[PDB]
């Protein structure tokens, strides 16, 4: 029998430990990331503009992840106090004119294993609509805009045509045994991928099991009572129909004392749990301890997550 095939979509915060654990298993891995608001197509002056989804996936799928985490994370103190490795992605992107144009150089540089694909082969802009109706374009701008995000959408930077998937992307989704959405920020990591029509169709049609790994914590632009159920609801609304087959949610408590002592943003809280609402929406709901309290934060435990995923995975 062939190795199972697993495609991770989003690649936000928490995906590197999932990707590490997946690599220890006997499985092929593909990652899909959005690379938007990019280069000459961003509509910004060159001085004005100068993200982690790509960096996280690149380092996690590199030939020496431990090595490259150490390296892509050290900070000068000496310039003066900036992270090395953020400077490498900055450099190659400036060199090539956009991060999109740098992506093949970047996979060469990190000696990546498996496939990393952009969601589209054309330049994309990310748009957020806030609760009051205000529309903001650009991830860095969205993230800086005060308020609660209602919805996101993507457009082509260079024209009014409907954005299109990069097609090796469609085939990858359709030929997978499992799709892992997340973990990552819902609005700025996961959703930009699924709002491209050809990707939303592939998710709907794939024989793969679709698994969503929910956040440990609420994010900027999310309310205190934005439940795990609510996260599933937003995903389903953005794609246009229900489509998650399995949802994994953490129910182990993040102690207040740990959040206080570790100087967490005081408005980020543990994602509230709504079992009834999850069950109404998703066939298989997995609530368990998937929490790792280490390195000053409340992160996903990659192995506890991936052990569940390997238990349910089936070759299609």
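Numbering follows the first chain given and starts at 1.
Sequence continuity check, residue 78 and residue 79 (deposited residues unmodelled): Missing in between: 4 to 9 residues.
Between residue 283 and residue 284, count the deposited residues left without coordinates and pick a bin: none, 1 to 3, 4 to 9, 10 or more. None; the chain is continuous from residue 283 to residue 284.
On mean C-alpha B-factor from the PDB entry, just flag whether 187 to 195 or 85 to 93 is the higher one. The recorded data point to 85 to 93.
Could you settle it for me: does 160 to 168 or 145 to 153 have the higher average Cα B factor in the PDB entry? Comparing averages over the C-alpha atoms only gives 160 to 168.
Going by the entry, which of 215, 229, 131, 113 has the most elevated CA B factor? Reading the PDB entry, the winner on C-alpha B-factor is 113.
Going by the entry, which of 270, 62, 287, 48 has the most elevated CA B factor? Each of 270, 62, 287, 48 was compared by C-alpha B-factor; the highest is 48.
Which third, lowest, middle or highest, does the C-alpha temperature factor of residue 120 belong to within its own chain? It belongs to the middle third of the chain when residues are ordered by C-alpha B-factor.
Against its chain's modelled residues, does residue 8's Cα B factor rank lowest, middle or highest third? As the PDB entry reports it, the C-alpha B-factor of residue 8 lands in the lowest third of its chain.
Of the three thirds of its chain by CA temperature factor, lowest, middle or highest, which one includes residue 33? Middle third by C-alpha B-factor.
Would you mind checking where the Cα B-factor of residue 73 ranks among the modelled residues of its chain, as the lowest, middle or highest third? It falls in the top third of the chain.
Consider only the C-alpha atoms of the modelled residues in this chain, order them by B-factor as the entry records it, and name the third containing residue 266: lowest, middle or highest. CA B-factor rank for residue 266: middle third.
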